[PDB]
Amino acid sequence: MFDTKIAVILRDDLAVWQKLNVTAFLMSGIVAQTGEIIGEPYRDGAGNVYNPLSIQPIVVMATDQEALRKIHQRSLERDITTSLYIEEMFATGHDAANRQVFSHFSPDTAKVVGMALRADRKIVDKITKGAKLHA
């Protein structure tokens, strides 16, 4: 059990492939930020070894555009550093280009399609208010 909680919030209108793509990228940021979540390697019944994974549970949620905006706004207000993915980042597969386009928007104008955060559990619940757990 953990002081913190990991949450991923997606824009509900995304295609399923888009939700999976965004989740993958958001989580890469979460691991980069807190390498301590990675555990021991997985080992199967034949002696095969696999990547170690997050030891901490990950809650996935979805909501609408304007609801995702306030969640974004709440996280900044609470001094949380988040992973963030905007709609325009679907237009290229290049880190430099996507970081560039990302810089063209602010929280009041961005079209956020996903966000992930890891923060003290009570804080996370306040930030994510409104969002629905994903089906």
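In case it trips you up, residue 1 is the first one in the sequence shown, and so on.
**Q** Of 18-26 and 118-126, which one has the bigger average CA B-factor?
**A** It is 118-126 that shows the higher mean C-alpha B-factor.
**Q** Which one of 68, 38, 86, 32 shows the top CA temperature factor in the record?
**A** The C-alpha B-factor peaks, among 68, 38, 86, 32, at 68.
**Q** By the recorded C-alpha temperature factor, relative to the other modelled residues in its chain, which third is residue 53 in?
**A** Lowest third of the chain for residue 53's C-alpha B-factor.
**Q** Among the modelled residues of its chain, does the C-alpha B-factor of residue 97 lie in the lowest, middle or highest third?
**A** Tercile = lowest for this residue's CA B-factor.
**Q** Which third, lowest, middle or highest, does the CA B-factor of residue 82 fall in along this chain?
**A** Answer is lowest: the recorded C-alpha B-factor places it there.
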